[PDB]
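Undergrad:
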Ligand SMILES: *[C@@H]1O[C@H](CO)[C@@H](O)[C@H](O)[C@H]1NC(C)=O
Ligand SMILES: *[C@@H]1O[C@H](CO)[C@@H](O)[C@H](O)[C@H]1NC(C)=O
Ligand SMILES: *[C@@H]1O[C@H](CO)[C@@H](O)[C@H](O)[C@H]1NC(C)=O
């Protein structure tokens, strides 16, 4: 329902037994977690009052896990799973460590930000590649049921969320690296005056600056499922927390 | 009296590019030169050159 | 032509030279201003950090990404002279303070 192109029609059903969970921890900005640095400014011995988009102290988090193996449900692409991007979001991602032949692999869920998700408009896509993120703001053609296949142990699905014969028009495209042995990651995504700002952090510390994109439009929505036939709580106990 | 000032010239401009380089010289200086019958074509888009 | 995003970086990279001692204008990362520059050895800049601000909100230092050198920006002179004039004198006495 997100896109307007039919990628595949192999196994589509209506699984009505998926309810998001609520965490038990609260936001604590006393030590510095939850705040972010300025874009490209440095301050030395300064107590500064900053007016910006920050999470509320004492709130609660909610998970948006869409773990699937073979069958994809249509309710997973419908609200409340597809929330509204009003002012901004602060996300906390858990770094899953898979061990195959005595080596570490890191794979976590991705998020795509758009307005109408049509090829006539722009959309921002991030994606981890064995420890390398790729942020691309392009005119991608989203499908009705996007997904992602874990390239760590093996699966049965084919990752296909964009269909383009040639390279579309992009406004920003950049790759970044992080610590593959990290435990948790933090992200900030907000917008103001038609300018989108994103911040990432791989360790426990105030978030650092990534980029600032000038779009001119107003974004109102912002998580595709991760099709993986490897992580399951029977032999390899790993859970996806976002 | 009126404060006297000057008019500075020769301004400086700095900005970080948003797109990577096209890297056309790397492909133009390839060790493999195709025959005139092949005439391989390479397309570049969304890059700075 | 005159569309898309594949542009050229020849006009904006004509000189790319930073002077030290003269008063000039600067458009650094969207921040526009005018002043003088001075060379200094700074090691508090990080990978993503390129400017330096103070408590008041003004820019005091920066770092060039093309040569990895830090600079400090100082405001340029803008003063006023004092003229002491008599009743029917021909030329007053000038005083430049400080
Ligand atoms: C980012 O990495 C992907 C593969 O991981 C590659 O296809 C792409 O060209 C890279 N982008 C840049 C700007 O290096
Ligand atoms: C990654 O994190 C581990 C543990 O915190 C640390 O030992 C290692 O030096 C880090 N590597 C990098 C490149 O930050
Ligand atoms: C500046 O430092 C960066 C990172 O250390 C390096 O990649 C770049 O080549 C350096 N540039 C110069 C001109 O030394």
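Protein chains in written order, with PDB author numbering: chain U, 14 to 235, 237 to 256; chain F, 306 to 354; chain B, 597 to 694.
Heads up, the beta-carbon is just placed ideally off N, CA and C, and yes, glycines get one too.
Comparing the CB of residue 194 of chain U with every heavy atom of ligand 2, is any distance shorter than 7 angstroms?
TA: yes
Undergrad: Can you give me the Cβ contacts of residue 8 of chain U inside the same chain, cut-off strictly under 6 angstroms, excluding the 5 residues immediately before and after it?
TA: Only positions 14 to 256 of chain U appear in this structure, which leaves residue 8 of chain U out of reach.
Undergrad: Output needed for residue 156 of chain U: all residues of its chain with C-beta closer than 8 angstroms, excluding positions within five of it in sequence on either side, in chain order.
TA: 15, 16, 18, 19, 20, 173, 174, 175 and 176
Undergrad: Sort U:152, U:51 and U:255 by Cα distance to residue 131 of chain U and report the nearest one.
TA: U:152
Undergrad: Any chance the CB of residue 325 of chain F is under 7 angstroms from a heavy atom of ligand 1?
TA: yes
Undergrad: Beta-carbon separation of residue 236 of chain U and residue 228 of chain U under 8 angstroms?
TA: No atoms of residue 236 of chain U appear, because in chain U residue 235 is followed directly by 237.
Undergrad: Given a limit of 9 angstroms on CB to CB distance, which residues of the segment 170 to 186 of chain U reach chain F?
TA: Answer in chain order: 179, 180, 181, 182, 183, 184, 185 and 186.
Undergrad: Closer than 6 angstroms between the C-beta and any heavy atom of ligand 3: which residues qualify, listed along the chain?
TA: Residues with their Cβ less than 6 angstroms from any non-hydrogen atom of ligand 3, running along the chain, are B:663 and B:664.
Undergrad: Excluding five sequence neighbours on each side, which residues of the same chain lie with their C-beta closer than 8 angstroms to the C-beta of residue 628 of chain B?
TA: 621 and 622
Undergrad: If you draw a straight line from the alpha carbon of residue 107 of chain U to that of residue 256 of chain U, how long is it in whole angstroms?
TA: 6 angstroms
Undergrad: Can you pull the chain U neighbours of residue 641 of chain B, defined as C-beta to C-beta under 9 angstroms?
TA: 55
Undergrad: How about residue 120 of chain U: is its Cβ closer than 7 angstroms to a heavy atom in ligand 1?
TA: No, ligand 1 has no heavy atom inside 7 angstroms of this Cβ.
Undergrad: For residue 120 of chain U, does the count of other Cβ atoms within 10 angstroms reach 16, so buried, or fall short, so exposed?
TA: buried
Undergrad: Pick helix, strand or coil for residue 137 of chain U, following the three-state DSSP scheme.
TA: The DSSP-derived three-state label of residue 137 of chain U is strand.
Undergrad: Work out the CA separation of residue 32 of chain U and residue 43 of chain U for me, nearest whole Å.
TA: 32 angstroms
Undergrad: Indicate whether at least one CB of chain B lies closer than 8 angstroms to the CB of residue 61 of chain U.
TA: yes
Undergrad: Is there a Cβ from chain U that is less than 8 angstroms from the Cβ of residue 350 of chain F?
TA: yes
Undergrad: In the segment 618 to 631 of chain B, which residues sit with their C-beta less than 8 angstroms from some C-beta in chain U, listed in chain order?
TA: 625
Undergrad: Would you identify the three-state DSSP class for residue 660 of chain B, choosing helix, strand or coil?
TA: Residue state, collapsed to three classes: strand.
Undergrad: Identify the continuous beta strand (DSSP E) that holds residue 197 of chain U and give its terminal residues.
TA: 197 to 205
Undergrad: Which residue marks the beginning of the beta strand (DSSP E) containing residue 623 of chain B, and which one marks its end?
TA: 619 to 624
Undergrad: Measuring straight from C-alpha to C-alpha, what distance separates residue 186 of chain U and residue 606 of chain B?
TA: 21 angstroms
Undergrad: Hey, is residue 675 of chain B's beta-carbon within less than 8 angstroms of any beta-carbon in chain U?
TA: False, the Cβ-Cβ gap to chain U never drops below 8 angstroms.
Undergrad: Who pairs with residue 673 of chain B in a beta bridge, going by DSSP?
TA: Bridge partners of residue 673 of chain B: none, in fact.
Undergrad: From the DSSP secondary-structure annotation, give me the bridge partner or partners of residue 210 of chain U.
TA: U:203 and U:225
Undergrad: Figure out for me which residue from U:252, U:237, U:241 and U:247 has the closest Cα to the Cα of residue 76 of chain U.
TA: U:237
Undergrad: Please return the same chain residues whose Cβ sits closer than 8 angstroms to the Cβ of residue 91 of chain U, not counting the five positions on each side in sequence.
TA: 14
Undergrad: In the DSSP output, what is residue 189 of chain U paired with across the bridge?
TA: Its beta-bridge partners are U:146.
Undergrad: Output needed for residue 349 of chain F: all residues of its chain with C-beta closer than 8 angstroms, excluding positions within five of it in sequence on either side, in chain order.
TA: 327 and 329
Undergrad: Just the chain B side, please: which residues come within less than 8 angstroms of residue 222 of chain U by C-beta, in chain order?
TA: 644
Undergrad: So what does residue 340 of chain F bridge to, in DSSP terms?
TA: Looking at the DSSP assignment, residue 340 of chain F forms no beta bridge with any residue, so it has no partner.
Undergrad: I'd like the span of the alpha helix (DSSP H) that includes residue 329 of chain F, first residue to last.
TA: In the DSSP assignment, residue 329 of chain F falls within the alpha helix (DSSP H) that extends over 329 to 333.
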